[PDB]
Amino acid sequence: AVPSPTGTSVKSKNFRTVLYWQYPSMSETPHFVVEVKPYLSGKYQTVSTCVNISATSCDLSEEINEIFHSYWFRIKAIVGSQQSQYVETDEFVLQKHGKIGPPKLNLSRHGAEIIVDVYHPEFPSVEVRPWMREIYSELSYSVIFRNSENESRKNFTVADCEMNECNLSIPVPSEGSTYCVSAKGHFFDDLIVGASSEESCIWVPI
């Protein structure tokens, strides 16, 4: 009949969460309805921005305001005067399923001191998502300092960064060589751990 959507997938990265699905080719153009089941009510409700849409995706970022509790989502298809039944996604928990991509990392020096600026431009503004303040209060970055030509490797952590923008100064032993640095985001120490940035390297003279 009017089959249900297929291949449901919730993809969450850097707090942008999007639901995707696929649909068979029909004579005309199907539209879809997406619902969300929040943990508190334990009942499905309509995702307003995703009713009667032709797209096979739905941005859920505004429906998710809990990082530890579960959400379910579901989609039905509308084809002419006919509807499919809903198909439900896997359980979704932001803390478990949400990915944190590599941070943006800038590397400079003042004399023999290396300066690391690290942040995630993708993270949403706290002013636009006030529920995020609590989460950002737990944001930290771990930074790995490597000297190949030497060849050593220490670890640093920076937190309580204003506007989620962290800066770190680091003393370089010596000091005619090259140092390479990478970083990862952390939320709640190790409950959420992001991918490493690629290495940035810099020369520090004597």
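Sequential numbering from 1, following the sequence displayed.
Looking at mean Cα B-factors across 93 to 101 and 108 to 116, the upper value is held by 108 to 116. For the pair 173 to 181 and 133 to 141, the mean Cα B-factor is higher in 173 to 181. Residue-level inspection of the entry shows that, of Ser57, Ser27, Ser70, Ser61, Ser27 has the top Cα B-factor. Ranked against the other modelled residues of its chain, the C-alpha B-factor of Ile53 as given in the entry falls in the middle third. Sorting the modelled residues of the chain by their CA temperature factor places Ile75 in the lowest third. Remark: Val158 belongs to the middle third of its chain, ranked by C-alpha B-factor as recorded. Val34: CA B factor in the lowest third of modelled residues in this chain (values from the PDB entry).
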